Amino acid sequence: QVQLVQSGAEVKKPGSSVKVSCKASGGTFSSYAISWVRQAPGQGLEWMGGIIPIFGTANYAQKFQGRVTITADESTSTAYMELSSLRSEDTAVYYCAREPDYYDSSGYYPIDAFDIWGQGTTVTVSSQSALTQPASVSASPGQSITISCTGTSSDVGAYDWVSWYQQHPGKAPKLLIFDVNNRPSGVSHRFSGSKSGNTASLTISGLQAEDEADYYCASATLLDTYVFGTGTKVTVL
């Protein structure tokens, strides 16, 4: 099992630059596709950009173009994120996450989802639209709950490239569903996903106390970016 390990907390002055590392270990390869996603206080997950090291291709969200540089060193299986001209709004936990693309003699086969996440790096600075999700859901043990994720024809409604994540507060997210309804190995089939038109959904059946957490949807887009949902807190009564 591949693990992503990030560099430590950074305390920075406004206008300075920061460089965070993400070391991938435990697999057969050293060129995994890595995206950087941040989570600011009072905000949900926000995709910044990503790199495909074997091709040297980097892609960024318009919000970060010219401010963020993502690089990778295949010889040490490490990816990096450099953020310049730091401001108060940049105080956040920054995560690196792998996109589990497959390659063989016939080509490149992307998986537009984040299957493993680093532990996060807090960066604190001195002195398109998100997908809509309900803020909170509650139900009792053994019941089923369905969480909606509303987007547009340029994201959720375009193709089957919607994914879902569980995040316990202060912990890294965990992938539950990718490509609308596929479950990674290790995830219970209690978790299921679907979609209709521009609306995706996650159903958690057989609700357990351990399911109390925040849940996010995400989708790739026609702009070659990712967008995350606003997040839903699940409380088990």
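Just count from 1 along the sequence shown to find any residue number.
- Coordinates are absent for 10 or more residues of the deposited sequence placed between residue 127 and residue 128.
- Two stretches are in play, 54-62 and 37-45, and the higher mean C-alpha B-factor belongs to 54-62.
- Just going by the entry, 7-15 versus 217-225 on mean CA temperature factor gives the higher value to 7-15.
- The PDB entry assigns the greatest CA B-factor among 176, 209, 180, 204 to 209.
- Comparing C-alpha B-factors across 85, 167, 122, 133 in the deposited entry, the largest value falls on 85.
- Annotation for residue 99: C-alpha temperature factor in the lowest third relative to the rest of the modelled chain, per the entry.
- Residue 75: CA B factor in the highest third of modelled residues in this chain (values from the PDB entry).
- For residue 200, the recorded CA B-factor ranks within the lowest third of the chain. Only modelled residues enter the ranking.
- For residue 232, the recorded CA B-factor ranks within the lowest third of the chain. Only modelled residues enter the ranking.
- Among all modelled residues in this chain, the alpha-carbon of residue 192 has a temperature factor (C-alpha) in the middle third.
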